[PDB]
């Protein structure tokens, strides 16, 4: 059931306030049980209501607004509006609005000629209560010149899809997904916004971010994060393809998140690290193309690190855990640090720092001069019964180029494996070389590292840093 805004008195002349006419069309479509509100090419001026939560236009269940195309149909806020306006198009607070959407139109926040925080598209039910909008679609929508958030789908929305859309020149974030669930952001561009290209926050989970592009933003290209409150972390965030480039901060930042994945993206020209991972439990960083970042200074293309929130709202320390970093092309240093559990950490052409922490890790440096750090004797060991399920292995150690950093472990040098020395040994068939502490500790464990290949004759004392002085002399990276 199609309704034309023109038939309800909308002028689309750039001067008349068409808010009531477009709302009438929306209400007629809703009362018929659903329909498409069509808008022909033209600039429609709209105004807010008594309160910020009134937005400007109130979309309703089973109503879809179809324009004549981005740039053709433009919905613009009136000159002189001076009130906070939370959603130029929005669904109602306190209602579980469903099966609605917007296509082929532009929202213009008119921040130049207005004052107050304005958001373009706002969805959701009630902050901090159970309940959700659901089945929400934005297709080929452009949102520009709002003073705060362009696309601002909010808590909670299930099965939001935003595809083939653009957010640009907004005051804060182009796209913000607040407690989005089972939702899809595909083939979008967010550029030249005041802060973030994309910001996934507030417990969002099962999100696919496929083939999105973020550039020229004042802050991150994409950030996935808990947010400032003590609430459940986001989880199951899959970022595939796209490009995150020339932003004012990190290209992609992921923090206080569980089961995040970043695969096949191009990440370049950012002012800070290309990829930064802070306190993430389950991180896959696969097959990306990462180069020419840290333009504003900084030593690393990729940073894996913890997130210490002990002085913050949660009181918790969050380790990065369960990391898989493989197949990336990285023209610069990767800092690949993780902790308890099995990590697979592959460096790239740069001079990388690798430390899988506790648990059995498999490390490779790739090209360049890499440092494999072992920070605790309990991070790589054989137990009293000879079980090797906690012995780390280094895949491609290159004597004369790479370095094993044992500077915190209190061994003196190579030797017979007793009295604080480590023994350099080959296995029976000559396929693996070991560094062994032959002295069991009180729990019966032996520090041990396995190295692929036969290195008993090529590996020497200058390939291992046994104390801080040796580390200063021999360290291969800018990261210690």
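Positions refer to the first chain, counted from 1. For clarity, a rigid core is taken as the largest C-alpha set superposing within 1.5 Å between two forms.
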property	result
More shifted region, core-based fit in 4 other deposited structures of this protein, 379 to 387 vs 195 to 203 by CA	379 to 387
Divergent stretch in 4 other deposited structures of this protein, 388 to 396 or 339 to 347 [C-alpha RMS, superposed by the core]	388 to 396
Mean temperature factor over C-alpha atoms, higher-scoring stretch between 130 to 138 and 110 to 118	110 to 118
Of 167 to 175 and 219 to 227, the stretch whose C-alpha atoms average the higher B-factor in the entry	167 to 175
Given 411, 434, 418, 64, the residue at which the Cα B factor reaches its maximum	64
Modelled-residue ranking by C-alpha temperature factor, third containing residue 92	highest
CA B-factor placement of residue 423, once the chain's modelled residues are sorted into thirds	middle
Modelled-residue ranking by C-alpha temperature factor, third containing residue 262	lowest
Third assignment of residue 373 from its chain's C-alpha B-factors	lowest
Chain third (lowest, middle, highest) by recorded CA B-factor, residue given as residue 80	highest
